[PDB]
Structures are given as C-alpha cells and as structure tokens.
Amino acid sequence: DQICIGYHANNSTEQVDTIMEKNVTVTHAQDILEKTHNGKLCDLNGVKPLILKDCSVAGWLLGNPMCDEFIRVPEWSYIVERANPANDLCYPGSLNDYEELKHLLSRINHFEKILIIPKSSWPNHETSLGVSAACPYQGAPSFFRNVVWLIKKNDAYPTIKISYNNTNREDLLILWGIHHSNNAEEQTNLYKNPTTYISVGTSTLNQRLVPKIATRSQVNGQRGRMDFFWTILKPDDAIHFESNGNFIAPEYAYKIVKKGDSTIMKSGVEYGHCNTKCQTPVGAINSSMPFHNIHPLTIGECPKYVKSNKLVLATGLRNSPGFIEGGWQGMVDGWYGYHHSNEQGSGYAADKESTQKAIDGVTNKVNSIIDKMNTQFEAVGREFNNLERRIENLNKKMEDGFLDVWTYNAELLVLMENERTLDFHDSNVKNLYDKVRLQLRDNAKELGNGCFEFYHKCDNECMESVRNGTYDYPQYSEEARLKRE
C-alpha cells in the first residue's frame, strides 16, 4: 500500500537547450522564431505595391517606349523593381538625385499624370523629329513619352521662354533634360545655335545647364548623352524655362501627394492578391513571433531578424524513456499527479489545481516574451549608389550590429528561461510531496523515491482522501502505532 507523486511523460522527441544543460528532451515546446513566408508579394496594410516589370523608376517616369504608358495606379505602399531592370534609360544619360527621387516615390497617396505644356506651345520649333534608335517602339525610332526633344525649324532655333503656373492644389513633379551633342556639326544640325544654355527657375530653383560637346563611348549605339533633372513645384508657384538649344522640354508632369515613406524592394516574386503587415523580397510574413530569420530587407511591422535556425522555449516537462526517478508515461491525463496501488486496484490520478497553475504560468512566460516585443515600427532596404559606399557600409554596420544584439539576447534569454522553467517544474513536484508529508506524519514511511509507505490501509476512497486534501490522521493513528514492529 503506497501513494506516489510524479510528473508526466509522452512520446515527444523535441529537445531544448538550457544555460547549464544541452539537448534536454521535453514533453512540450514552443518555437518563438518564424520561418514561414507566403512566397508572394502582397499588399502592405491594404495598399497594393507598384510592380514595375523589367523597367526602372526612371524608365517608367520619363516614359521609355518599352514601358506601360499609364500604370494608372494612383496609390502604392512600396515599389517592386527587378534586380537588374531591363529597359531603364533608353537614350544614355543620367537622372539627377535619382536615389532621392526613388525614396520620394517609394510610397505615394496620389499620382496622376497631367499635360502641362502641350506641343501646340512650340510654334517655331520642331516637335516631331526628336527621336532616336536607342528608344524604340516596334522597331521604329521613338523617344521618351513624357518629354519633348525639340530641334530647329527652318534652320532656326528661336530662344524659348515658357512658364507653367501650378494651379492645382497638389505638388507637381516636373522632369526636363539637357542633350549633350557629340561634335560641332551635330550641334548646329539639330540646334542651329552653336553655344547653348538651359535656365530653370522657380521660387527655390535656379539652374543653368550647358551642354558638354565631347567624344564619348557608344552606349545603345549613341555616343551622346541626355542628363535629366527634376523638381517639385508647390501649388501656386511657377517654373520658368529659357533655352536656345539642347532642351528636352517637359510635356507631362505628375501630381504627387506624399504622406509616407517606404523603399524600393528588389524582387522577382509575383503579386499574390494577398495582404500582409510584413513583406520580404522572398515572401510575406504573417506572424506574431518576436524573431525571424527569413530575409534582412523587410518592409512593414516585422519581427526582429536574427541569425538563428531555431529558438525553442520549453513549455513542458523533462521526458523520460533525485527522489522521483522519472516521469510516468501512463499519466496521460495530467502534468502533476498521484499514483495509487491499494488492495482494490492500481490507478493514475492527476492534480488538476497544481497542473493548471503551471500551465497558466508557463503560457504566461511565453506570452510575456512574445508580447513585450510590441515595439514594431516601419522598415527599409538598400538605397545607396557607387560613390556612396561609405554610407552603405554605415547601414551595414548598423544592420549587423543589431543582428548581433538581437541574436545574442534572444539565444541567451531562451537558455536562461528554459533553465528556470525546468526548475519551476521541479519545485512544484517537491511542494506536492511536502503536502502529503505533512498530511501523513507517522502514518507513513519515507520510502525516498517520491512514494510513501502506508503503514495502515487506504481504500481507493482514502487515496482520494490524501488527494483532495481531505484525510484524517487520527482516524488511523492507532493502527500505525501497532504496525511498528
């Protein structure tokens, strides 16, 4: 006749590492690292991204003939660009502050193309001959759709003086450019005048562009270049152009309303008609876990990126194949409990109160570590050019330093807390064993294995009497007194 107190055992193969012990198989565990993604590019917080297909932001904006004339998506959360975009700037050249303009255009709440300077405005210049082979539409020479390459008319290029007053209530993005000639003959042939200039003026802008006529390498079959420039014209301000040649004049402009900032994501995954709080170039993370290892360049409210394959928190008990030699595989209905083997039968019992008290606390342990990382803001990727490598290395030092801080702190926290959890489980059993110690002072002997040697007989009902804390010690005290022999 004896009563026993032990812990639970199941068939789990999951192991956890603690600060002092490694590879400790436990009954229950919880990974706080997310490794699952959608494999698709989703909407970010309800807004659809801008997916440019093998075209760059410059190509799309300036109107490369090989790009969708109108995306007519007025709003986007992020811009999706392929790694090495194909079409780009068909006529060789450059766009000023490109990387800044891209940051400006990463998240837009209104985008609408408008016609600010119609070709009718150029009565003494040729608007139809400004085309090239480097800019093709269906094999045919063409040019950027949103600008106008003006050339001489009647061997004469009269000085242009045109102004546009932004009557709209929205800011305007206005793009224009300068054509660099190749020799003096080419200069006079397109623009009668040999010495040329472009002057651009707004309330904040004061620009003097002058063409550079030199020998250059051939790119897309052209040795000349075209440098482009942009400005943001505020409501009720006016832009003032003046030139006598080499002018790539604006024809269309863009109404921008910008309330937020994002980044240009470089990815090739397809739009999945989904929504997500966190987008990575490889797929979307819908998770609440504090840490992830999917991809560094996330956008949105994301878990912290760590260099870890697994971060498993123990939520259970040491599994089995110290007074309590091991756990009971037969106690399938509890975490802490009792065992009896009286004259009538032998059975396994579970301590509901002690069990729930621990299940609540251990889940509170996981939820605390999970939910205290409520610090989730917005994020960005890569945005620096070839002569900005020092700032790029700055961003990399930062990302790596944060990588090291989160990974050390997360891996150590799991190790420190898992040691405490397993200890917390050990202390719970010992207090239960001390509960029956005080209930059966001399009416039972200390066997030492977590079991108690009943001098007197207990029925299955007396066993539930030691359990339930409903046992009378003087009821059987004299029987134990005689059992001493």
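Numbering starts at 1 and follows the sequence shown.
- The modelled chain breaks after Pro321 and resumes at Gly322, leaving 10 or more residues of the deposited sequence without coordinates.
- Note on 143-151 vs 324-332: mean CA B-factor is higher in 324-332.
- For the two regions 75-83 and 93-101, the entry's Cα B-factors average higher over 75-83.
- The entry lists C-alpha B-factors for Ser56, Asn64, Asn460, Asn418, and the highest of these is at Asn460.
- The PDB entry gives the largest Cα B-factor of the residues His179, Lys352, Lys266, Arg389 to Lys352.
- Per the PDB record, residue ranking by Cα B-factor puts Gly347 in the highest third of the chain.
- Sorting the modelled residues of the chain by their CA temperature factor places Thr231 in the lowest third.
- Ranked by Cα temperature factor within the chain, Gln222 sits in the middle third according to the deposited record.
- For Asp404, the recorded CA B-factor ranks within the lowest third of the chain. Only modelled residues enter the ranking.
- Per-chain ranking of the deposited C-alpha B factor places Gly245 in the lowest third.
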